[PDB]
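Trainee: Right, I'll just put the structure down here and ask away after.
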2 protein chains.
Amino acid sequence: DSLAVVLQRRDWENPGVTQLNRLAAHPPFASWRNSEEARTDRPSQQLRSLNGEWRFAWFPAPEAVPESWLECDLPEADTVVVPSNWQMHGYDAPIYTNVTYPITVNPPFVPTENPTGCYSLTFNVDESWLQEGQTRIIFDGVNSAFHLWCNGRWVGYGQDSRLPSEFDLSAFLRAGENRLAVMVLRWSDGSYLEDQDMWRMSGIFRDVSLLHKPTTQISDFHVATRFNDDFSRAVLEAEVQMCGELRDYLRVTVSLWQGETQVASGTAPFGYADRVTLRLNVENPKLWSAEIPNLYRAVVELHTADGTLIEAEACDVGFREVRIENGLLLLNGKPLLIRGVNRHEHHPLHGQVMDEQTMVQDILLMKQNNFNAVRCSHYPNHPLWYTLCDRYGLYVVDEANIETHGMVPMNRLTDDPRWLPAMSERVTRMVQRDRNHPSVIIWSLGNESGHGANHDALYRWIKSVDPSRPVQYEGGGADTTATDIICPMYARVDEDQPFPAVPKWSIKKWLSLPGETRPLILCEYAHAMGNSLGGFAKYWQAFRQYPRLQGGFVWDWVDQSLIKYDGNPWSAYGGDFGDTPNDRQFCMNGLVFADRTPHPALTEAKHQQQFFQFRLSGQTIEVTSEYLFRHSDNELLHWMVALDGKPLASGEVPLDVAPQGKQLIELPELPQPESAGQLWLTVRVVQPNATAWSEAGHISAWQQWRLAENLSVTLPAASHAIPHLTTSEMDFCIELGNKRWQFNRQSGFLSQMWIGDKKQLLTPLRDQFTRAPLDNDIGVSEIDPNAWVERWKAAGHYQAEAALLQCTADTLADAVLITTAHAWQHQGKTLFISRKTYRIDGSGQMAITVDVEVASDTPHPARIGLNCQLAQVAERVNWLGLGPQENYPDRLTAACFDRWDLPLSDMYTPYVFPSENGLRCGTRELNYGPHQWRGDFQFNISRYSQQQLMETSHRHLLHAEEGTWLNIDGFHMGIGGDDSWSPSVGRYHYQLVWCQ
Amino acid sequence: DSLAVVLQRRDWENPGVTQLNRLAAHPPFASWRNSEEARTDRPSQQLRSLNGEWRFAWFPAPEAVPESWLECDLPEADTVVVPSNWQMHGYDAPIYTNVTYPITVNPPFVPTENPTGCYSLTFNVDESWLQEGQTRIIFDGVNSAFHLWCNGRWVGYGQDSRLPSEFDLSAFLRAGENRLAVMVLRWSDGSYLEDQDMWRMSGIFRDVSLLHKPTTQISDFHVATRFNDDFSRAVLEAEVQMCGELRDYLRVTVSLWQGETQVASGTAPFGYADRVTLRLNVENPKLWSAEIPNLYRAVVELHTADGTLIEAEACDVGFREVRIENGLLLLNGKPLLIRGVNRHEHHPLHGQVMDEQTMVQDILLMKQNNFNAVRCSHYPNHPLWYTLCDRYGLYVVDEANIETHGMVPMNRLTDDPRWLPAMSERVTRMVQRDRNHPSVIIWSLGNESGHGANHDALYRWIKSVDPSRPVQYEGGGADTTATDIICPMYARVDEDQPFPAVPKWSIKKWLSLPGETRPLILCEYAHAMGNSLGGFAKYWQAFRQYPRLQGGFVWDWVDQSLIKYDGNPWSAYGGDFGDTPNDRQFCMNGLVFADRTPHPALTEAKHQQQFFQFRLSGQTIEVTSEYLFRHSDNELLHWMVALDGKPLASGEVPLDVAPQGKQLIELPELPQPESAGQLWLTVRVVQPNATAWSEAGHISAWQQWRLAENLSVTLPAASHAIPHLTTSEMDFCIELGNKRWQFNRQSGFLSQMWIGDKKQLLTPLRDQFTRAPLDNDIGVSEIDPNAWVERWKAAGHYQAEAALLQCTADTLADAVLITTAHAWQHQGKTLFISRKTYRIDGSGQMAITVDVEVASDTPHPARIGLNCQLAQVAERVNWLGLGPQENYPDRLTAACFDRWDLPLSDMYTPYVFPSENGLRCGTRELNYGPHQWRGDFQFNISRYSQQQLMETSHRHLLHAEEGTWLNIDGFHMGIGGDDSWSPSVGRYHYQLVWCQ
């Protein structure tokens with residue numbers, strides 16, 4: 001039992017040993033001794049949880065642990081809660097890595113400096129559990145490899161952190177009063193297959209439980225389902241196995257309860273002598289789908305011949321079919337549209353400890369935004385997660401914990417047949433544990449782990465064990481024989497990326513490959529890096545057009561940010577804990593923050609994933625529902641008519657459309673005003689009744705159209721004022737009453753403007769050709785020549801110097817005309833030339849026409865527009881245009897044209913990495929304090945300059961600059977968003993009107 | 001390093017641990033430091049064999065071993081040779097079992113009384129091997145699981161007896177002078193998968209070697225082949241891997257030598273950074289097939305940039321293609337005819353220790369009888385066996401060591417995913433070790449081990465790793481998705497055997513199954529239990545008729561008999577060593593004896609497996625060759641004409657027939673004698689030139705036809721003698737000169753006959769309806785109601801009592817007429833009635849006509865004929881009929897009609913289990929001493945009575961009875977031979993003539 005004996009074998013450095021005296025995997029059990037408690041999911045006294053206060057000690061190496069541990073708790077041992085992680089309690093700094101292994105690349109050898117978490121607990125046991133029966137401990141998760149000592153006696157050894165590990169303890173437990181000793185290692189052989197793009201982190205991060213069973217017990221049972229052609233008639237296969245002594249009087253009963261009412265049942269004795277097959281016929285079953293989570297509570301009973309109950313076990317069972325034919329993924333006889341998401345397991349204040357409140361809230365947020373698919377990335381999740389998924393309705397794509405991305409080459413390990421034991425354990429235990437749940441539809445053998453022979457073997461094993469689920473696997477080009485569902489990573493829509501032996505075809509070309517008939521779902525796509533989720537529409541357009549393209553999984557859901565205290569909490573990324581090597585802000589790809597505050601990208605995803613598409617044909621509206629089984633019985637359309645912001649007419653039409661059907665909505669006689677402007681038709685689908693995952697009045701979909709537009713009519717500029725512009729050598733001074741504008745003659749820019757006495761411009765009006773660093777532009781630079789920001793720096797756009805010219809004009813009949821031009825040159829090469837024209841009439845309205853030309857050889861300029869720093873600091877920003885949330889030219893789909901007003905705080909989004917943000921495009925009229933600008937432009941308003949945004953790496957380091965910064969841009973490129981390691985995105989003119 | 005520490009883990013009782021610090025599998029290597037030595041297969045000094053005299057101690061349990069072992073040899077330790085087995089040296093009795101596990105059925109637990117072989121050796125090492133390089137030990141086989149201690153230091157643990165186990169010893173070896181300690185266990189977890197129908201036996205049964213390699217070495221290399229349509233152009237893929245430090249100056253060279261001449265070559269540096277691909281084009285390659293073993297010696301060199309050689313490795317490579325299309329197994333573009341055999345590894349004086357002399361002699365005997373296929377049953381064989389197979393030409397079907405027949409149900413283990421590690425090891429190590437050899441054509445995953453999911457996984461892994469070979473597997477009805485070559489066991493030709501979930505269709509029905517397109521080869525068929533190999537022809541007729549039926553494997557080759565000393569050696573079976581439970585004589589199924597003396601069944605197999613089929617059309621002869629690639633350039637037909645034994649005309653015609661072609665041989669004007677009798681045409685194909693496996697004048701095929709028959713003409717019976725039969729109350733006495741015959745009137749049988757004075761009959765002439773117990777009749781009885789011998793016993797045929805009747809007639813004009821009848825009744829029910837008629841003419845010729853009727857309700861009588869014990873004991877037996885070897889009605893195909901003369905010793909075959917044998921059918925004339933019998937009958941002559949044959953279980957217990965026993969039978973049933981556990985086989989009259 002001594003450490004000097006146990007650790008000498010170095011079992012953590014041997015790929016051929018994955019478990020020692022570990023019991024067989026099985027679906028989670030509670031050992032109910034009463035059928036009613038089993039059916040109603042009441043807590044079972046046989047399952048005693050052991051979460052509480054334990055004793056922990058840290059050591060830099062396993063050998064550094066003294067032998068005084070196993071007899072009594074160390075004096076320096078602290079009191080920690082379990083489940084929890086010692087990495088967050090400051091004992092060592094967690095490290096985040098993307099590709100490079102945090103440890104030395106030498107399998108199966110692991111670094112000698114192996115941190116050891118010395119967890120222990122002293123506890124009592126009832127003699128009732130000891131005189132009879134079997135008592136076993138269940139570790140729902142221990143990262144990453146651990147040994148076990150019970151009362152100073154060695155019990156076994158374990159691995160496979162992300163899956164439950166159980167051992168038999170009835171033979172080391174006695175006299176209640178007892179001590180459990182668990183030693184855990186940060187590093188082991190499995191870490192080579194545990195190279196998730198996640199925080200390298202350890203401890204006991206899942207619940208520790210104590211289960212007591214009688215000598216004779218139910219061992220395993222698989223509940224499958226088959227259907228007829230019309231799904232009216234179906235039969236349930238509750239195959240059941242047991243263990244122990246076999247008595248002829250033993251009987252089993254499988255009872256199917258639709259709620260409190262029993263529908264079907266059956267009984268049979270044993271006879272495999274430990275396995276018995278029961279088939280239960282069900283009529284008109286309430287099918288299961290993401291829209292309707294119909295649940296059947298099937299109870300399996302191990303009961304005596306006279307009828308006394310020994311042990312009862314139950315599992316929620318749903319009736320659904322998932323199969324592949326003709327290249328389409330059919331769910332209950334209907335094609336699927338996977339609007340997925342990669343939910344990483346992460347908690348802002350507990351690391352990878354997950355609890356029911358967070359899980360439920362995540363499911364609620366995910367269902368509120370039309371997400372009906374989840375891929376646990378990249379490991380099986382908490383056991384209750386799947387139960388909640390069945391209860392709410394959410395297709396899950398389970399993913400075996402296999403990841404060896406950093407190994408060179410990728411499949412150096414998954415082709416060596418010495419790792420078949422470990423890979424088979426990590427796959428088969430997941431399959432056996434999570435087969436019964438109906439939500440899990442697609443088993444995935446891993447994310448790009450390289451296509452060897454072990455993946456073929458495991459794919460065939462899965463297809464032999466559970467043939468009711470397609471098996472996807474992305475590695476080896478995602479088109480090998482080890483994959484039923486072609487799942488490439490970041491395959492762009494039209495652009496082709498032909499890499500050697502792992503090419504990224506355009507998705508349509510991948511569909512049109514010769515001899516290819518399997519359906520395509522995107523393993524990962526639409527990186528949500530802050531203000532990103534770009535091309536989503538393009539992506540959703542392709543998904544809706546092409547039948548055999550069945551959606552993807554937006555990566556990723558929750559932001560993997562750990563709370564750091566300066567005492568003000570500030571979100572941090574890799575490298576802020578002193579960890580090296582790290583991967584900076586690449587760990588920040590969440591649709592919501594760690595504390596579940598919705599990102600701006602969430603709204604765009606929700607809009608693009610709506611179930612209702614709308615077509616406008618004159619007066620009528622065509623409404624089409626993407627639901628396949630459910631009727632729109634909880635929806636109510638709200639159409640409204642607005643002329644340049646002001647509403648004119650509105651109405652409500654309840655929706656009654658069949659699944660995959662169409663409904664034509666005839667609008668009333670819409671108003672046809674003679675006033676100048678653009679009429680807009682906004683339709684909003686609202687769910688008046690609160691559902692299990694939504695509140696009353698929930699918005700499900702909305703869309704807008706442009707109605708008849710009346711060309712602007714009257715707009716007479718100036719009244720009667722010939723302005724005697726003060727011509728001076730240093731500036732041109734123009735005064736109209738209390739208003740004054742100063743134009744510097746040495747720089748050629750608007751220096752200062754006056755409203756009476758108070759100054760208005762803290763920074764002269766200049767053109768801006770640059771935007772702050774963008775994740776996509778950066779790509780994998782820190783230098784990447786093809787990175788967009790690197791190309792801009794090489795072209796010197798950030799360091800281009802404006803050279804003033806002339807063309808200065810003079811006054812007219814009722815106004816003063818200023819005409820100027822500038823030349824921006826970097827090391828002598830003229831990058832851009834723009835010619836401006838400034839026009840201040842007798843009414844004070846200033847019209848500025850700028851015509852910009854760009855050299856072809858230089859890379860495309862980031863933005864075309866004017867920048868300045870206003871002296872006015874107002875509390876709100878008002879505009880008429882697309883909003884209210886921020887938008888971009890490539891991500892303006894979710895933006896809605898209306899008169900929006902937001903506080904200045906809302907004008908900047910709290911991205912942790914500062915960059916260009918707060919942009920509002922399609923703004924025909926802007927209001928901020930006393931000034932107002934009209935036309936057709938895009939702008940952002942914030943208290944931080946672009947220079948500060950570029951320089952500052954963290955949001956919490958940002959400081960509010962004096963005044964307000966404005967960047968009114970005529971044009972701007974898209975932000976891309978296809979990928980974050982490569983680019984994903986000549987003569988122009990804009991007209992602006994300045995008024996007050 | 002102490003036992004009390006090492007054995008405490010009980011690694012032999014853990015299915016999850018199959019190796020500890022065991023190096024990777026690889027093709028056998030010699031580490032040649034010189035290219036010429038590598039090419040010419042000269043012995044390599046780097047490979048130091050360690051076979052010699054070791055030190056061994058036996059213990060009943062591993063714990064019983066004192067700790068004084070690991071420091072010095074025990075005083076009671078004996079000096080044994082290695083490789084050899086301690087079971088044969090009398091330390092414990094080996095046990096043979098068929099189905100029931102010799103140990104208790106409780107996996108993975110094994111009995112506490114675990115025998116331990118304490119093998120050890122003290123040896124010296126050159127410092128030249130120690131100052132540099134890597135020195136590893138290779139155990140070619142250790143049954144069944146063993147630990148290893150080097151110089152008192154623990155090195156690792158091993159399993160997988162039938163495959164080589166190697167460990168790194170450079171880190172425990174130093175100062176030459178050293179001691180190797182190996183502890184071996186008879187029982188371990190793998191014994192549950194090691195349930196071969198063989199002698200449960202242990203030790204170190206294969207060679208122990210010592211290999212030294214430099215720090216940088218060649219690790220693995222797979223040599224595949226592909227061809228064009230016409231096989232004229234082919235390319236060689238000598239993919240090669242290495243290990244250690246990688247230097248840019250390192251180079252590899254693959255050179256192809258057709259003997260002493262180099263044909264193709266190539267070189268390339270590394271770059272996987274440790275793997276390099278070479279492709280060598282070959283023109284007009286000398287293809288490989290069982291007929292022509294063309295060999296290419298490909299040498300792989302690890303050489304420096306300047307050219308100095310570091311390490312060179314070579315492997316014989318043959319050019320052949322094996323693939324499945326349209327339901328036919330194509331070898332080099334041609335269909336195959338598998339005339340296989342199940343060669344069990346067994347040696348009469350060394351157990352399972354196998355050596356080159358025995359292996360070569362077995363290959364010689366196997367090729368001399370048209371066996372061109374071998375299935376190592378059921379485990380990979382000795383590494384040199386495959387080399388010899390490539391060198392001589394013999395398709396091999398490798399079989400992974402998986403067998404769990406006795407487990408209830410069969411696939412209780414091969415579906416539990418906890419045994420996937422062990423099964424994957426036992427399959428993948430075999431595949432990796434034996435992939436390069438060209439003789440191995442079909443990988444087999446086991447014999448009926450039950451079809452779970454592990455077999456599907458391993459089949460897909462094999463098809464992913466080596467797609468050039470079809471994979472057969474017999475379990476689960478032999479038609480699952482885990483099998484490419486449908487291989488059922490003992491599927492009869494026309495009779496159908498519909499068992500639940502494992503039925504045995506008739507082979508033609510199995511061919512005609514719906515949706516079935518895979519070819520069928522018989523996994524096991526034609527049990528060769530002594531005088532058996534029945535239905536062979538039927539089987540070969542079906543094989544030749546049906547294209548998609550491609551032959552089988554005659555089970556089995558060598559008799560698994562161990563030598564027992566009474567000091568006279570006598571062959572023994574299971575249960576003669578005191579072992580219990582056993583399976584008696586079921587271990588005796590060899591085409592040759594243990595010392596390779598040919599059984600009589602060998603001749604019948606050779607005749608039925610001939611490559612040349614003959615058709616007779618008047619005078620010409622049609623000769624068709626079953627060869628597909630080779631021309632019959634070493635054959636010479638010998639046709640002969642014989643009239644009732646005496647030759648009349650003969651000639652020789654050299655054979656020149658294309659593969660799968662036809663040749664018509666025009667005979668000369670054959671004689672047409674007017675003498676009465678049947679003309680016979682016997683053609684024999686003789687190989688005048690000695691081949692690599694045969695001697696000059698080897699007989700390859702022979703066949704016979706019946707020519708024009710001239711009805712017997714003159715045969716006047718009697719001369720002039722009216723015999724005054726002495727009518728007495730107790731007997732009828734008939735005297736003709738010196739000859740006298742006595743007919744008892746109370747029994748109705750010929751009591752005694754006189755030649756002058758000397759008596760002739762020691763036992764009165766009586767009818768025999770019984771034959772001794774037959775393996776097939778016995779089936780699985782010891783009581784089986786359907787067993788034929790049991791049915792005969794129930795009917796009382798063995799205990800039927802002859803009741804005398806009358807009809808006694810009197811003399812005629814020139815002779816005396818006796819007419820009698822008898823009734824054989826068992827408990828009052830008349831089983832048979834026969835009426836005899838005895839006719840002694842004036843010439844002394846006695847004609848006996850017997851007419852026999854049989855009750856329908858009783859089972860068919862074993863034989864119809866006369867039995868007696870002659871007083872004459874002659875040294876030879878002469879007859880004109882089918883021979884010279886023994887034959888049976890169902891196995892008379894190999895028998896040839898001719899005047900044969902054999903010594904009385906040859907008249908009885910030395911089957912270890914005595915039974916009915918020595919039978920010669922189709923005997924038109926018999927000669928033995930002074931007497932002679934003519935007609936058309938079947939007979940056997942021996943010194944042992946049928947009663948003694950039934951009673952005596954061993955041949956060596958047989959004692960020569962006085963006189964000679966004769967059983968002249970008119971009719972006899974077949975012996976069957978389809979299987980040995982179930983049956984596999986009304987009014988009659990015969991005429992016999994007795995003369996002198």
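Each chain in the structure tokens gets a letter, A, B, ..., in the order shown, and its residues are numbered from 1; ligands are numbered from 1 in order too.
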Please identify every residue of chain B that has at least one atom no more than 8 Å from any atom of chain A, counting only C-alpha atoms, and report them as number ranges by chain.

Mentor: B: 5, 14, 16-21, 272, 408-409, 412, 417-418, 420-421, 424-425, 428, 453-454, 456-461, 464-465

Trainee: Show which residues sit within 10 Å of stretch 689-698 of chain A, as a list in words. Count only C-alpha atoms, and ignore same-chain residues fewer than 4 positions away.

Mentor: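 In the requested format, the answer is residues 360, 361, 363, 364, 365, 366, 367, 368, 391, 392, 633, 634, 635, 636 and 685 of chain A.
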
Trainee: Write a file of the selected residues as a PDB file, in the first residue's frame, keeping C-alpha atoms.

Mentor:
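Contents of again-v2.pdb, as written:
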```pdb
ATOM      1  CA  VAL A 360     -30.275  24.891 -17.376  1.00  0.00           C
ATOM      2  CA  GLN A 361     -29.596  28.570 -18.075  1.00  0.00           C
ATOM      3  CA  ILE A 363     -30.048  25.416 -22.441  1.00  0.00           C
ATOM      4  CA  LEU A 364     -32.594  28.220 -22.016  1.00  0.00           C
ATOM      5  CA  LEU A 365     -30.415  30.767 -23.820  1.00  0.00           C
ATOM      6  CA  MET A 366     -29.573  28.236 -26.542  1.00  0.00           C
ATOM      7  CA  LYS A 367     -33.231  27.406 -27.218  1.00  0.00           C
ATOM      8  CA  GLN A 368     -34.237  31.084 -27.121  1.00  0.00           C
ATOM      9  CA  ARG A 391     -36.273  17.025 -21.311  1.00  0.00           C
ATOM     10  CA  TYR A 392     -36.056  20.304 -23.264  1.00  0.00           C
ATOM     11  CA  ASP A 633     -49.844  27.340 -32.630  1.00  0.00           C
ATOM     12  CA  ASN A 634     -47.926  29.747 -30.347  1.00  0.00           C
ATOM     13  CA  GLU A 635     -47.092  32.601 -32.725  1.00  0.00           C
ATOM     14  CA  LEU A 636     -48.650  35.936 -33.679  1.00  0.00           C
ATOM     15  CA  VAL A 685     -43.301  37.000 -35.145  1.00  0.00           C
TER      16      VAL A 685
END
```

Trainee: Neighbours of stretch 544-561 of chain B within 8 Å (only C-alpha atoms; same-chain residues fewer than 3 positions away dropped), as a PyMOL selection string?

Mentor: chain B and resi 327-329+336-348+373-375+511+519-528+540-541+571-573+587-594+596

Trainee: May I have the residues within 10 Å of residue B:488 as a ChimeraX atom specification, using only C-alpha atoms and disregarding those fewer than 3 positions away in the same chain?

Mentor: /B:447-448,473-479,485,491-492,502-505,507,510,520-525,552

Trainee: If you run DSSP on the backbone here, which positions in stretch 503-575 of chain B get strand (DSSP E)? Please write them as a list in words.

Mentor: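 Filtering stretch 503-575 of chain B to strand (DSSP E) leaves residues 520, 521, 522, 523, 524, 525, 549, 550, 551, 552, 553, 554, 562, 563, 564, 565, 569, 570, 571 and 572 of chain B.
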
Trainee: Need the shell around stretch 287-302 of chain B: protein/DNA/RNA residues with any atom at most 8 Å away, counting only C-alpha atoms. Skip same-chain ones fewer than 2 positions apart. Format as a PyMOL selection string?

Mentor: chain B and resi 35+38-39+217-218+250-259+285+304+309-320+331-332+372+390-395+438+627+629-630

Trainee: Write a file of the selected residues as a PDB file, in the first residue's frame, keeping C-alpha atoms.

Mentor:
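Written output follows (selection_39.pdb):
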```
ATOM      1  CA  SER B  35      24.907  -6.165 -47.592  1.00  0.00           C
ATOM      2  CA  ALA B  38      22.066  -9.737 -45.716  1.00  0.00           C
ATOM      3  CA  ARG B  39      21.374 -10.787 -49.313  1.00  0.00           C
ATOM      4  CA  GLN B 217      18.149   1.297 -36.424  1.00  0.00           C
ATOM      5  CA  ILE B 218      15.538   0.208 -38.944  1.00  0.00           C
ATOM      6  CA  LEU B 250      21.148   9.179 -43.303  1.00  0.00           C
ATOM      7  CA  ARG B 251      20.066   7.295 -46.431  1.00  0.00           C
ATOM      8  CA  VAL B 252      18.098   4.138 -47.196  1.00  0.00           C
ATOM      9  CA  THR B 253      18.442   1.804 -50.177  1.00  0.00           C
ATOM     10  CA  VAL B 254      16.050  -0.913 -51.361  1.00  0.00           C
ATOM     11  CA  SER B 255      17.710  -3.300 -53.823  1.00  0.00           C
ATOM     12  CA  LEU B 256      15.867  -6.104 -55.623  1.00  0.00           C
ATOM     13  CA  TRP B 257      18.020  -9.157 -56.397  1.00  0.00           C
ATOM     14  CA  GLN B 258      16.702 -11.988 -58.577  1.00  0.00           C
ATOM     15  CA  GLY B 259      19.192 -14.427 -57.119  1.00  0.00           C
ATOM     16  CA  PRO B 285       8.153 -10.318 -63.031  1.00  0.00           C
ATOM     17  CA  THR B 304      25.462   6.699 -44.578  1.00  0.00           C
ATOM     18  CA  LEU B 309      26.640   0.685 -44.086  1.00  0.00           C
ATOM     19  CA  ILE B 310      25.120   0.988 -40.607  1.00  0.00           C
ATOM     20  CA  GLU B 311      22.443  -1.715 -40.694  1.00  0.00           C
ATOM     21  CA  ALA B 312      21.016  -3.864 -43.484  1.00  0.00           C
ATOM     22  CA  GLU B 313      17.792  -5.881 -43.364  1.00  0.00           C
ATOM     23  CA  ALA B 314      16.234  -8.104 -46.015  1.00  0.00           C
ATOM     24  CA  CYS B 315      13.089 -10.153 -46.553  1.00  0.00           C
ATOM     25  CA  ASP B 316      12.050 -12.576 -49.273  1.00  0.00           C
ATOM     26  CA  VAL B 317       9.331 -10.990 -51.407  1.00  0.00           C
ATOM     27  CA  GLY B 318       7.076 -12.722 -53.928  1.00  0.00           C
ATOM     28  CA  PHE B 319       4.945 -11.099 -56.624  1.00  0.00           C
ATOM     29  CA  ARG B 320       1.333 -12.235 -56.327  1.00  0.00           C
ATOM     30  CA  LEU B 331      -4.689 -15.541 -57.371  1.00  0.00           C
ATOM     31  CA  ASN B 332      -2.675 -13.873 -60.158  1.00  0.00           C
ATOM     32  CA  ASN B 372      -1.268 -26.515 -51.828  1.00  0.00           C
ATOM     33  CA  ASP B 390       7.470 -19.029 -49.574  1.00  0.00           C
ATOM     34  CA  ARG B 391      10.533 -21.006 -50.655  1.00  0.00           C
ATOM     35  CA  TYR B 392       8.599 -24.166 -51.595  1.00  0.00           C
ATOM     36  CA  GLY B 393       5.220 -22.759 -52.694  1.00  0.00           C
ATOM     37  CA  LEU B 394       2.285 -23.207 -50.340  1.00  0.00           C
ATOM     38  CA  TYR B 395      -0.634 -20.857 -49.720  1.00  0.00           C
ATOM     39  CA  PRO B 438       3.832 -13.573 -49.905  1.00  0.00           C
ATOM     40  CA  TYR B 627      -2.685 -26.068 -63.055  1.00  0.00           C
ATOM     41  CA  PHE B 629       0.211 -20.963 -64.492  1.00  0.00           C
ATOM     42  CA  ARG B 630       2.618 -23.863 -65.041  1.00  0.00           C
TER      43      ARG B 630
END
```

Trainee: Can you tell me which residues surround residue B:760 at a distance of at most 12 Å, considering only C-alpha atoms, apart from same-chain residues fewer than 5 positions away, and format the answer as a list in words?

Mentor: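 Neighbouring residues, sequence-local ones excluded: residues 739, 740, 741, 742, 750, 751, 752, 753, 754, 755, 765, 868, 869, 870, 871, 872, 873, 929, 930, 931, 963, 964, 965 and 996 of chain B.
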
Trainee: Can you tell me how far atom CA of residue B:607 sits from atom CA of residue B:362, in Å to one decimal?

Mentor: 18.5 Å

Trainee: Using Å and a single decimal, report how far atom CA of residue A:994 sits from atom CA of residue A:721.

Mentor: 17.7 Å

Trainee: What does the distance from atom CA of residue B:916 to atom CA of residue B:937 come to in Å, to one decimal?

Mentor: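 Interatomic distance here is 16.5 Å.
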
Trainee: What residues in stretch 653-811 of chain B get the DSSP label alpha helix (DSSP H)? Please answer as a list in words.

Mentor: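 Here is the list: residues 775, 776, 777, 778, 788, 789, 790, 791, 792, 793, 794 and 795 of chain B.
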
Trainee: Restricted to N, CA and C atoms, what would the selected residues look like written as a tab-separated table (two decimals), in the first residue's frame?

Mentor:
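The result, written out as selection.tsv:
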```tsv
chain	number	residue	atom	x	y	z
B	775	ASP	N	-15.61	-44.48	-35.12
B	775	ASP	CA	-15.60	-43.09	-34.61
B	775	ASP	C	-16.91	-42.40	-34.99
B	776	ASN	N	-17.29	-42.45	-36.27
B	776	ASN	CA	-18.53	-41.78	-36.75
B	776	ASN	C	-19.74	-42.37	-36.02
B	777	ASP	N	-19.88	-43.70	-36.05
B	777	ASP	CA	-20.99	-44.37	-35.33
B	777	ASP	C	-21.02	-43.87	-33.89
B	778	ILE	N	-19.89	-43.96	-33.19
B	778	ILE	CA	-19.80	-43.49	-31.78
B	778	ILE	C	-20.34	-42.06	-31.70
B	788	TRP	N	-24.76	-44.44	-34.10
B	788	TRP	CA	-25.08	-45.65	-34.84
B	788	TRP	C	-24.80	-46.91	-34.02
B	789	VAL	N	-23.67	-46.93	-33.30
B	789	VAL	CA	-23.37	-48.08	-32.46
B	789	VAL	C	-24.38	-48.21	-31.33
B	790	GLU	N	-24.84	-47.08	-30.79
B	790	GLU	CA	-25.86	-47.13	-29.75
B	790	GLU	C	-27.18	-47.66	-30.30
B	791	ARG	N	-27.54	-47.26	-31.51
B	791	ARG	CA	-28.75	-47.79	-32.14
B	791	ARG	C	-28.62	-49.29	-32.39
B	792	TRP	N	-27.44	-49.73	-32.83
B	792	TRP	CA	-27.22	-51.16	-33.04
B	792	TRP	C	-27.34	-51.93	-31.73
B	793	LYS	N	-26.77	-51.39	-30.65
B	793	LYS	CA	-26.87	-52.04	-29.35
B	793	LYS	C	-28.31	-52.09	-28.87
B	794	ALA	N	-29.07	-51.01	-29.06
B	794	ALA	CA	-30.47	-51.00	-28.68
B	794	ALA	C	-31.26	-52.03	-29.47
B	795	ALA	N	-30.98	-52.15	-30.76
B	795	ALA	CA	-31.61	-53.19	-31.58
B	795	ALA	C	-31.10	-54.58	-31.24
```
